[PDB]
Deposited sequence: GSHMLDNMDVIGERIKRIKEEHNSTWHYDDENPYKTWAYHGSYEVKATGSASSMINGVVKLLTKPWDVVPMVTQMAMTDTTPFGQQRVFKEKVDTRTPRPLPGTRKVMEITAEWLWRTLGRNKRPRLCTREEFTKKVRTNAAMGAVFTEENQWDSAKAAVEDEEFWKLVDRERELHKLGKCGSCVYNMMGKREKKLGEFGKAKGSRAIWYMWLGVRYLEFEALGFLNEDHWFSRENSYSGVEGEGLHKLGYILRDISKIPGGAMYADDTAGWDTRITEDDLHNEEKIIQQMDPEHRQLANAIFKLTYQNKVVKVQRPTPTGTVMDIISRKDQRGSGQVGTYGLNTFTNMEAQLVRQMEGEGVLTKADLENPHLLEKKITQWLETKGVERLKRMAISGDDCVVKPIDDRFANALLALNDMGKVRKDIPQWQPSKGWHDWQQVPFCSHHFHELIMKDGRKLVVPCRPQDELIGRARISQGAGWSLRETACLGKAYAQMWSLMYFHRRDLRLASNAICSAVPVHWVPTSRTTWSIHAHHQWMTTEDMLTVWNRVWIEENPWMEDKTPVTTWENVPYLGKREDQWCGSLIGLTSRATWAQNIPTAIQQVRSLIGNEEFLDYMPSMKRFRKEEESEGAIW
């Protein structure tokens, strides 16, 4: 294994020759440990609070979920704690019959996904334009430096020789350039999956990439129209740690559809940075903080470019395999059998595969499946054997599905169908309100001015106006924040890193105009394009549903906050200064 990872370790060991040592009391059990060197401690035990959002959400000062979200440890202690809990495990190898079905399904799936699209390399200019349309940060300075691109070229020459010298995953500027260079090279070889939307619903059938949060509920409602059993949405316990060496070899099959120059670079990413990997992790010791150099041959590196797409692929594959078991196509004897009959698997894929993909909504490890009947509930042999063990449920207990798409959890949300005053229906995203408020009350980092803090607050308020307008407390709090923040100040930073976020709230355009564009004009499930001319006509959840989903409506502390909110708005206004504000209440 040193033949692939040795050069990377040699360069780390040489760079840190001063403090390099082999800590014999290292905590790694399933990862190969190579050594340690001293570093400064990174991260914090708590998260900085957004004073603007906090001052305009007083009733949630006394809310347990809101307090918990403000915590979140990122220090070397936090890193070690999380590592021990999930990351330091071994997934048992799937049985020979399971490996055979997975291989047949993977080959068929890749051919289906590549029926109209051809893979291609992504470029320096694509990467640059992406870094630029994210910040104005140090990555934008690196991308603007020609010396960064020369290091990239030197690493690619090693990759073409089947070698790696600096692509290390992290759990002066030379180490930063090497990290960003590693990410660019991965982007160059596998970025086409995201850039060319291989996991769009049109291209993948099950996928939802590029759809956006506001379309997910409509997609779940369309799946509900398909004849069959209940809708199942089982959570896998730490999906990324369950990606096996067999999953990685099935994912690699996409290289067969690539041009030879692309294939060579993609093969280098697969073989040297996915199927073999070198990881840096901080650890507190009595003498200070150390960086550990570890390695392994499986699992998914969570921060990588290919993660989302490759998790989506393997989950689509795994769910088709589970659907086959439910239908009686795969038996317990088949999974144990190395010599299992390939014909019935092929016949099912070529005659039913696409129809079976249409019964699903898959986003990374998140899945919703509507099988042809409920035999699926108890079809767990292949799912557990592939290593995709469901979270917090005995291994052999049947899955519980839903007969109402509105109760189905998907991508941290559930979705409600609303009837507008004019009779039109909307399908809206929703989650426990405390999670929305709790997140909005967290600022990103330290040394942020009241201006930057107020602008992130505005970003959260405007996201609420567009996605969560149907929640009484969030429309009220959103109006309060937008009233306290100067009208012409542009929302800054980002409310989420979610692939489902299209950030339509990152503007100074009127939120009702933006609402109309998203929910009426551009909405393909809105046949009648009549615009909504007033927020008074923008609906809310039924009062009982709003309360079931965490609303404080009907409580006195809430009635008091609603009554006294102009006072809190004015307090924020007086501390911001003599700017142009607008009254939204």
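In this entry, the deposited residues absent from the coordinate set span 1-6, 143-153, 189-204, 619-635.
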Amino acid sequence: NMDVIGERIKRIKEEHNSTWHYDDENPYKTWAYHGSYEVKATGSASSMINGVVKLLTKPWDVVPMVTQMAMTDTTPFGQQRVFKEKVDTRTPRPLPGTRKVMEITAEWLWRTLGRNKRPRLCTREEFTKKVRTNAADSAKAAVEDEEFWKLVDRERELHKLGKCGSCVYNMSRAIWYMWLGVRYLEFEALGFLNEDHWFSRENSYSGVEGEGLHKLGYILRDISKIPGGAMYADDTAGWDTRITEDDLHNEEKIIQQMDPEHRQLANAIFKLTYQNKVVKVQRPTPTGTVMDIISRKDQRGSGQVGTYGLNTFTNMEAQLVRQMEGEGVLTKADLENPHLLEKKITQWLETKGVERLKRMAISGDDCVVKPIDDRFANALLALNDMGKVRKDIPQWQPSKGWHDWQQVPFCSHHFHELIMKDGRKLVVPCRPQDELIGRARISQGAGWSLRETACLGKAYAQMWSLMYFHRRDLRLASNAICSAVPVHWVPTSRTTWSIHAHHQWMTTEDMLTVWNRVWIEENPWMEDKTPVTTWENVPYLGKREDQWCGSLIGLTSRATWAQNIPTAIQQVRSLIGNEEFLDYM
From here on, numbers count along this sequence of modelled residues.
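Between two forms, the rigid core is defined as the largest C-alpha subset superposing within 1.5 Å.
For 450-458 versus 172-180, the mean Cα distance to the shown form in 6 other deposited structures of this protein after rigid core alignment is larger for 172-180. Missing-residue comparison: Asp473 falls in the unmodelled set for none of the other PDB entries checked, so it is not missing from a third of them. Gaps at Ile372 occur in none of the other compared entries of the protein that contain both adjacent residues, all of which model it rather than a third dropping it. When the mean C-alpha temperature factors of 547-555 and 28-36 are read from the deposited coordinates, 28-36 comes out higher. Here 516-524 and 42-50 are compared by their mean Cα B-factor, and 42-50 comes out higher.
Per the PDB entry, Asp137 shows the highest C-alpha temperature factor of the residues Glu251, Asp434, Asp137, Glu202.
Highest CA B-factor among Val281, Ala237, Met467, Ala379, as stated in the entry: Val281. Per-chain ranking of the deposited C-alpha B factor places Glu452 in the highest third. When all modelled residues of the chain are sorted by CA temperature factor, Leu151 is found within the highest third. Ranked by Cα temperature factor within the chain, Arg90 sits in the middle third according to the deposited record. Sort the modelled residues of the chain by CA B factor and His500 lands in the lowest third.
Ranked by C-alpha B-factor against the other modelled residues of its chain, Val131 falls in the highest third.
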